[PDB]
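First comes one chain, alone, set out as structure tokens in the form deposited in one PDB entry.
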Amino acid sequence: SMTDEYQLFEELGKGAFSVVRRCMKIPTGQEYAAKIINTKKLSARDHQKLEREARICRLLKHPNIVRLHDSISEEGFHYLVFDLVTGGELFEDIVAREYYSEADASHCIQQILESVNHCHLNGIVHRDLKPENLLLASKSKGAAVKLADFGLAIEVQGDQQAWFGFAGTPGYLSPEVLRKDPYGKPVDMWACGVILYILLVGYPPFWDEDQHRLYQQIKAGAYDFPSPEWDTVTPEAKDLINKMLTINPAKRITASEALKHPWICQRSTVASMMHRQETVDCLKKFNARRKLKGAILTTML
């Protein structure tokens, strides 16, 4: 069925137990990305996580989410056939731009928030919002940002919270997760705050090479807007970051709310248009740091 319906070509990239190869639908020649999961040695419990991801991805159909077209089961191998995206990471793209302002960062965050809101409307919490999962659909200057990798996503029932587990990437983890408290949709809005922060200045709000002091920072909500770099950032941008980086997740801004924040919905009159070279230079260093993997910026095993 799989080799009758698709033809696998080169490897695009990988995961901690999955390869992604470009593929073409037979006989139409249409391209997709196939995520290939070797299932021969998987536990039932691990296969159930694959079942969850396939199920969640089949539900989600949105301009800013990489669409799953097909979930094929064969003997020892499962295939998740996704839309192909050729623009790479949003964050790598930003560093190659000649001109980058708050209005650009707003444009990005707006798309990210539309995808998060669609997830949340459909009872899905992503739990690992991070630059790695934010890909441009194509290399076009106009390309949509698309949300990827639902390998850690959970299905919530309405606005009921639960102890879904300690899962995610340290630098982007929310206080309630770290606290071993019940959680839900708000954890994705904390993660967006962190991403927005890094989108404006190019370094993370919570940073310490000692994982323990990293978590104490997060739980205390101890981030600031230091000079000179934040001095040129609009009050409205900081206000949004503040509303997302609220320790009490009940009082944290929702995705829908964040889409009506003036910095987002009134971008053209509220977001600063000044080039932020120093951000592009910092993002360069940030991205380079991320490439090295290790403790803070890498999804927890």
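Numbers follow the displayed sequence, beginning with 1. Rigid core (definition): largest C-alpha set, two forms, superposition within 1.5 Å.
There is also a form deposited in another entry; it is not shown, and the following applies to it.
- Here the two forms are overlaid on the core, and between the shown form and the other one the C-alpha of 95 is the only one among 95, 196, 156, 108 to shift by 2 Å or more.
- In the other form, the separation between the C-alpha atoms of residue 178 and residue 288 grows by 3 Å or more relative to the displayed form.
- In the other form, the CA atoms of residue 197 and residue 99 sit closer together than in the displayed form, by at least 3 angstroms.
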